[PDB]
Protein chains: 2
Amino acid sequence: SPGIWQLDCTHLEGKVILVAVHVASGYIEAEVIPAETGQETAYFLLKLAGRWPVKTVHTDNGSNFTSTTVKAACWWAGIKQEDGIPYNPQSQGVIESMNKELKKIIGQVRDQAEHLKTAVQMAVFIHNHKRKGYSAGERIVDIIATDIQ
Amino acid sequence: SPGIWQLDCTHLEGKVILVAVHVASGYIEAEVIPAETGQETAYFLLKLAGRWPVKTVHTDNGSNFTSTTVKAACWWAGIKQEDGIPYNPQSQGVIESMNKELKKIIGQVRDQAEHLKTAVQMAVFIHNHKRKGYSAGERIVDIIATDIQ
Ligand SMILES: NCCCC(=O)N[C@@H]1Cc2ccccc2[C@@H]1Cc1ccc2c(c1C(=O)O)OCO2
Ligand SMILES: NCCCC(=O)N[C@@H]1Cc2ccccc2[C@@H]1Cc1ccc2c(c1C(=O)O)OCO2
């Protein structure tokens with residue numbers, strides 16, 4: 001559980017926002033890309049796994065699950081690649097809710113940035129710092145620190 | 001101390017590698033950019049501060065310290081921008097040593113990646129996971145978790 005992440009791909013302004021959510025905390029990292037490809041997904045996962053202890057990734061769709069480039073990145077980084085089938089059905093809804101909420105925040109900051117990528121990183125910041133009490137950033141650190149100990 | 005980061009800019013293959021080091025742990029994040037500009041530095045800091053609780057940044061040079069765009073990012077993200085003058089002289093040497101070491105790792109992985117950016121992220125991964133015993137990734141999580149508590 002400390003090591004479980006979920007990929008999520010959402011669309012805005014004709015572009016793609018690729019998101020990794022740390023399932024137990026709600027903490028996210030995100031990037032804007034022109035389109036979701038295996039190469040983009042592979043690179044994003046490499047970045048993520050260098051920054052946090054990523055043990056398992058629930059991939060967002062079958063194309064990324066199948067991608068030989070994504071499989072290579074997961075092998076390289078020591079990530080177990082799993083499907084993202086919401087056997088637990090409240091998973092879909094939790095992600096749909098996060099996407100709506102991310103887009104809401106993006107809209108709230110959108111006029112402060114010339115470029116979408118900047119607004120997305122502003123939204124990541126706001127999301128990870130928001131107290132709900134702990135923030136997602138606080139929860140992920142506590143979860144992993146408990147695991148190490 | 002849990003919130004103190006240092007910027008560092010180094011050169012390879014005609015490109016620039018921008019690094020943020022968490023001073024107390026040795027943990028890093030890095031990116032490849034064509035050249036160090038205020039805009040690139042500002043965006044990098046926004047990404048960093050959305051991912052970790054960045055309180056203070058020792059900027060890498062006076063151009064970034066002066067940059068109105070960097071100042072805007074630091075204001076937005078709640079970062080105190082400081083100079084990077086190594087009043088303590090072992091700071092310079094510690095960074096020089098990190099740059100040499102990062103470049104060493106990059107050379108060790110370089111043939112596994114078509115693009116420099118990929119090799120740099122591989123190097124970030126190896127650096128943050130290397131046990132020295134704890135790893136830098138373990139130390140940063142423990143430091144911040146102790147601070148929260
Ligand atoms: N020399 C052939 C490369 C070997 C190969 O296919 N996999 C690599 C091993 C590996 C391991 C982890 C992550 C990436 C990669 C690499 C793939 C790759 C994917 C995406 C990218 C890339 C490159 C890149 O190659 O830099 O660049 C930006 O987005
Ligand atoms: N409407 C213009 C006002 C913007 C302005 O001056 N500062 C912003 C506030 C702010 C606050 C934090 C980070 C960036 C920014 C922005 C600047 C910026 C810088 C670098 C970038 C950018 C943009 C961008 O604007 O997206 O894009 C990719 O690299």
Side-chain angles (χ1 to χ4, degrees), chain A residues 7 12-13 15-18 20 30-51 54 57 59 64 67-79 81 105-106 108-126 129, chain B residues 7 12-13 15-18 20 30-51 54 57 59 64 67-79 81 105-106 108-126 129:
Chain A
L7 283 178
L12 203 64
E13 303 184 9
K15 292 183 171 70
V16 166
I17 301 164
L18 186 55
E31 72 174 19
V32 172
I33 56 180
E36 196 178 35
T37 65
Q39 245 217 179
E40 292 286 5
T41 302
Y43 183 70
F44 181 72
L45 289 174
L46 174 61
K47 288 189 294 172
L48 184 71
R51 288 156 179 74
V54 180
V57 164
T59 54
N64 275 335
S67 173
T68 57
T69 317
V70 171
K71 289 185 187 298
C74 287
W75 168 80
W76 197 95
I79 299 170
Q81 199 202 19
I105 300 167
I106 292 168
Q108 291 177 1
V109 300
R110 190 62 188 91
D111 80 320
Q112 291 178 54
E114 312 206 314
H115 302 115
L116 178 60
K117 60 196 259 177
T118 306
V120 171
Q121 302 307 320
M122 288 174 164
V124 167
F125 183 106
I126 289 167
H129 289 260
Chain B
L7 283 178
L12 203 64
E13 303 184 9
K15 292 183 171 70
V16 166
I17 301 164
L18 186 54
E31 72 174 19
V32 172
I33 56 180
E36 196 178 35
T37 65
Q39 309 299 329
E40 292 286 4
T41 302
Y43 183 70
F44 181 72
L45 289 174
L46 174 61
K47 288 189 294 173
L48 184 71
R51 288 156 179 74
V54 180
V57 67
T59 54
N64 274 336
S67 173
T68 57
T69 316
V70 170
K71 289 184 187 298
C74 287
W75 168 79
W76 198 95
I79 298 170
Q81 197 204 212
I105 300 167
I106 292 169
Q108 291 177 0
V109 300
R110 190 62 188 92
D111 80 320
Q112 291 178 54
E114 304 183 13
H115 301 113
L116 178 60
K117 60 196 254 175
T118 307
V120 171
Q121 303 306 321
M122 287 174 164
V124 166
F125 183 106
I126 289 167
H129 285 84

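Whatever order the structure lists them in is the order used to number ligands and atoms, beginning at 1. Order of the sequence lines fixes the chain letters, A, B, ..., with proteins taken first and strands second; residue numbering starts at 1 for each chain.
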Could you tell me whether A:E31 and B:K47 make a salt bridge, using a distance below 4.0 angstrom between a side-chain N and a carboxylate O?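 Judged by the 4.0 Å cut-off on N to carboxylate O distance, A:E31 and B:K47 do not form a salt bridge.
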**Salt bridge flag under 4.0 Å for residues A:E13 and A:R110** =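 The answer is yes: the pair qualifies as a salt bridge.
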Check each N or O atom of ligand 1 against all protein N or O atoms and list the pairs under 3.5 Å, with atom names and distances to 0.1 Å, one per line.
{"unit_1": "ligand 1", "atom_1": "25 (O)", "unit_2": "B:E114", "atom_2": "N", "d": "2.9"}
{"unit_1": "ligand 1", "atom_1": "26 (O)", "unit_2": "B:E114", "atom_2": "N", "d": "3.3"}
{"unit_1": "ligand 1", "atom_1": "26 (O)", "unit_2": "B:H115", "atom_2": "N", "d": "3.0"}
{"unit_1": "ligand 1", "atom_1": "26 (O)", "unit_2": "B:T118", "atom_2": "OG1", "d": "2.7"}
{"unit_1": "ligand 1", "atom_1": "27 (O)", "unit_2": "B:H115", "atom_2": "ND1", "d": "3.1"}
{"unit_1": "ligand 1", "atom_1": "27 (O)", "unit_2": "B:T118", "atom_2": "OG1", "d": "2.8"}

- Query: Any side-chain heavy atom of B:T41 sitting closer than 4.5 Å to one from B:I33?
  - Reply: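 In short, these two side chains do not touch, never coming nearer than 4.5 Å.
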- Excluding sequence neighbours, so at least two apart, what forms ring pair (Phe, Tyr, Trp, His ring centres under 6.0 Å) with B:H129?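 Residues passing ring pair (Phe, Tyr, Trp, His ring centres under 6.0 Å) with B:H129: B:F125.
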Practice item. Check whether the side chains of B:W76 and A:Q112 place a donor and an acceptor atom closer than 3.5 Å, and report yes or no. Key: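 Distance-only check passes for B:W76 and A:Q112.
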_A:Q121 CD to B:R51 CZ distance, which is reported to the nearest 0.5 Å_ =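 That separation rounds to 4.5 Å.
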